[PDB]
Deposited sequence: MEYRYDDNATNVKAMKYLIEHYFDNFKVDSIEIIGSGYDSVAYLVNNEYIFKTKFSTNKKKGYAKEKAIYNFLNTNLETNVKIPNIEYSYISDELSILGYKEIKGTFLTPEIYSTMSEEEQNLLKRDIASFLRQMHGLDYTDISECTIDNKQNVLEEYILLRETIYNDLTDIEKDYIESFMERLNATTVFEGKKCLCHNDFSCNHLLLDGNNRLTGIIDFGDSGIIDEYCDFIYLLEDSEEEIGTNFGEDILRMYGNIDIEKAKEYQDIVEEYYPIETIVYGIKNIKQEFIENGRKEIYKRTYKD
């Protein structure tokens, strides 16, 4: 409990009347830690301005019964960011849980998801218009960073994987469609169910932005151990409606192809050799 103690100190220091009676680590990424405090509050911390701006925009503008974080505590500085909000109660959706649900239960969950996405994507985003993300341009810039750093030391197999991806990226039309506000990390580990297996809450709008509409289906369409599966995403797309399903799948496939490169780039930017090695190894796994 050393981490817990430092974070208890920081919370009490920056939020003057707040008393920490209990505190435990509830999740962690590679450069963030999330804490459950007093069995009631979530504090996300990092060594978060946009994320806060997004919860504020959404809590003003969304009409939905699905719960999202409502920021009550914030401290934001160059060196440290903390966001605190009341824990949304529920069970996180998993493949295992989904497989035990009746067909009707599954259908209601899919409809709840489609409905939420439709409402969010339909919001007039003028008041959040600073939060724009261009994925194609971001990729080009990450490629330039590769070229400026480690590209010349990569193997021919690694180089070909990258150049083949850039060729595909250049030819695709999937970045030319509707833009809207997306969650942009819409995976089942961010989806909470209530006791009837109905969608009750959504978390982690940390990557959210004005971006391609296709983006919020990337994980719903993913075939992996962590996600439900492609059929889940297809059905949600049909319920959501007025969207080109083949292009949504093309978008997901291109993003999936990019993953190893994204991993390499993260390692370069954050000076973490482990990630550079992991992404390069994953290129070999995918090639063979």
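Comparing the deposited sequence against the modelled residues, what ranges come up empty for C-alpha? According to the deposited record, C-alpha coordinates are absent for 1-8, 56-62, 304-305, which together make up the missing parts.
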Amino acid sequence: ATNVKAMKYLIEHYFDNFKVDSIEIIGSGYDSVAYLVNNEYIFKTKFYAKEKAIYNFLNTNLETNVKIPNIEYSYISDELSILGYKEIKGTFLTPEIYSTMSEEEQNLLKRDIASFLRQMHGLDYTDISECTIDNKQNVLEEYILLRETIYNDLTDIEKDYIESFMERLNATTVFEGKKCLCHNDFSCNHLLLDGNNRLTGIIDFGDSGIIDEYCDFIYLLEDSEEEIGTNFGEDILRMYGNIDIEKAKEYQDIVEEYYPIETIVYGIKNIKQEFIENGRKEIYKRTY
From here on, numbers count along this sequence of modelled residues.
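So that the term is clear: the rigid core is the largest set of C-alpha atoms that superpose within 1.5 Å between two forms.
After fitting on the rigid core, which stretch moves more in 8 other deposited structures of this protein, 29-37 or 228-236, going by C-alpha RMS? When 29-37 and 228-236 are compared in 8 other deposited structures of this protein, 29-37 lies farther out.
Can you tell me whether 128-136 has a higher mean C-alpha B factor than 67-75 in this record, or the other way round? Taking the mean C-alpha B-factor of 128-136 and of 67-75, the larger value falls to 128-136.
Out of 211-219 and 119-127, which stretch has the higher average CA B-factor listed in the record? 119-127 has the higher mean C-alpha B-factor.
Options 87, 96, 163, 185 - largest CA temperature factor per the record: Top of the list by C-alpha B-factor: 96.
Options 189, 149, 200, 81 - largest CA temperature factor per the record: That would be 149, according to the entry.
Chain thirds of CA B-factor: placement of residue 101: For residue 101, whose C-alpha B-factor we compare with every modelled residue in the chain, the answer is the highest third.
Modelled-residue ranking by C-alpha temperature factor, third containing residue 227: According to the entry, residue 227 has a C-alpha B-factor in the chain's middle third.
C-alpha B factor of residue 239, ranked within the chain: lowest, middle or highest third? CA B-factor rank for residue 239: lowest third.
Split the chain's modelled residues into thirds by Cα B-factor; is residue 31 in the lowest, middle or highest one? According to the entry, residue 31 has a C-alpha B-factor in the chain's highest third.
Third of the chain, ranked by Cα B-factor, where residue 204 sits: It falls in the bottom third of the chain.
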